[PDB]
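Taken one at a time, structure 1 and structure 2 that follow are two forms of one protein chain, written as structure tokens.
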Structure 1
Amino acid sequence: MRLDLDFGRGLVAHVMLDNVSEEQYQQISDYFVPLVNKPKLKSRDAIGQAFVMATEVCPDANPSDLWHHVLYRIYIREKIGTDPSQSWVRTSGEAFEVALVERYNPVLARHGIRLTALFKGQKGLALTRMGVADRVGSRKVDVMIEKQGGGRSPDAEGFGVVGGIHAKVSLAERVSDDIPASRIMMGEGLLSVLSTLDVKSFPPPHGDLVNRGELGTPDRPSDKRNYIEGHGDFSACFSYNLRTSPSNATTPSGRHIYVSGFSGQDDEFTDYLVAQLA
């Protein structure tokens, strides 16, 4: 569909939403809008739940576009009683973690693998079990990966730590922060995964609102892409922006950027975890 946007009159623009019909957009909006200001529903849950829903409604759409052009722009328009943009910052980062855990845990459960979002209070013990407590940048690990009957420092249910996920909606941040603790974890035989929506579009005046992300190409890498393909500073990177350029069949480091949708069951991400941990 053609999505029409108003940025504060008379600045108006439009952008194409591939594989999203008007009715499908309406469907997603009808689900999401009531949740945005629902009392006692954390917006990380509202957004996370709506993203899982939206990618099921539009399994052929660019998931990053659903996040950026649909959920983001609707949230900004609809959020009440608090600054929409800064609310979005605070709630959407954790929302992505929520969506990851919700989307993947039922598929991973069959394999004894479990993701846990390290919200306030969960991180310290997790980082300790990961062997990177009080290491600079370790706080950038957002989701713990555990496997029953394996891993470091198993809990009472037998789940031990086998990796961590650095979850980032977008990549403007200093990702070099992440590297030392990531390398330490990789050295311990733990998975260190960068999971991202790779969101970035440039708005009017002179931007065309196409959500191309920030990872460049193998032929012309951004510094971020160099971290993965060149330096090998993560075990793998998964981007849910269909416009993200995937790695070549081979990379200098052997580490790859993988690109995928967010709908369905077993995907490149689940099969990656399962194969790594089997």
Structure 2
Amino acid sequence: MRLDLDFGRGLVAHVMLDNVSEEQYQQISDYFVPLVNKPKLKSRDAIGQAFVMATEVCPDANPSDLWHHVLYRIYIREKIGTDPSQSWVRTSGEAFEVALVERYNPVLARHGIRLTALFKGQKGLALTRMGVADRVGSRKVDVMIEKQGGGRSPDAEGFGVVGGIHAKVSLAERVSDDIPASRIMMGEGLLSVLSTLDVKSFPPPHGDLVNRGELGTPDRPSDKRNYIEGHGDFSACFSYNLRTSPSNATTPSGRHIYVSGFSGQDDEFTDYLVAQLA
């Protein structure tokens, strides 16, 4: 599809949306738009549910493009009574957490694995149960990972924490927040996963608006890529930007960057969790 965009001040640009039809785009909008400003509905739920929806409708579309070029831009256009850009920041990040949990828990359940999005204080509780509370910040984990009959500090039903997910729509320099916490988690044998949509496009006039992300290429590794491939600051990285280049067959750290579509049943992320928690 061709998406036409107006950035104001007489500036007009367009970007290609592969494996998205004009009809498919309308499906998503007609679903997403009434939820953006809907009373008593958190926008994190609204955006997350929309991302789950959009990815099922266009399972061959780049999930990151649907997030960045569709959900983001529509949200900015439609959001009312609050600043659209800063509202987006507050709601879309947790929305990715909502979408990860919503998407993966049904498949992980049969293996006894459970994801839980941690909000505000819940983050503290997950870290206490992990045993890293003394050495890690109160809110430095996004999605908790639990196992039946496994992990540490089991609950009433026998679910113990085996690790956590650091969720970031985009990296920038903000990925450095997670690295110390991640390394301590890894130092306990806990899983510390970086899940990302790898969203980065450069807007006009200077940019072509192609969402290429910030991880570059494996042959010429940037410091961001080397966070995983060189330093091994995370157990694994899962990107849902199809333009993200996956790690080579081998890396110096042993840790890899994986790339897949969001929608489906079993994928490299599920397989990875199943294999590690076996």
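All residue numbers here follow the sequence of structure 1, with the first residue given the number 1. Rigid core: the largest C-alpha set superposing within 1.5 Å between the two forms. Shifts are known only where both forms have a C-alpha.
The one residue among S92, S192, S138, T196 whose Cα position changes by 2 Å or more between the two structures, with the core held fixed by superposition, is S138. Core superposition gives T128 a CA displacement of 1.1 Å between the two structures.
On a core-based overlay, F269 has a Cα shift of 0.5 Å between the two structures.
Core-superposed comparison between the two structures places the runs of three or more consecutive residues whose CA atoms all shift by 2 angstroms or more at 134-140, 173-177, listed in sequence order.
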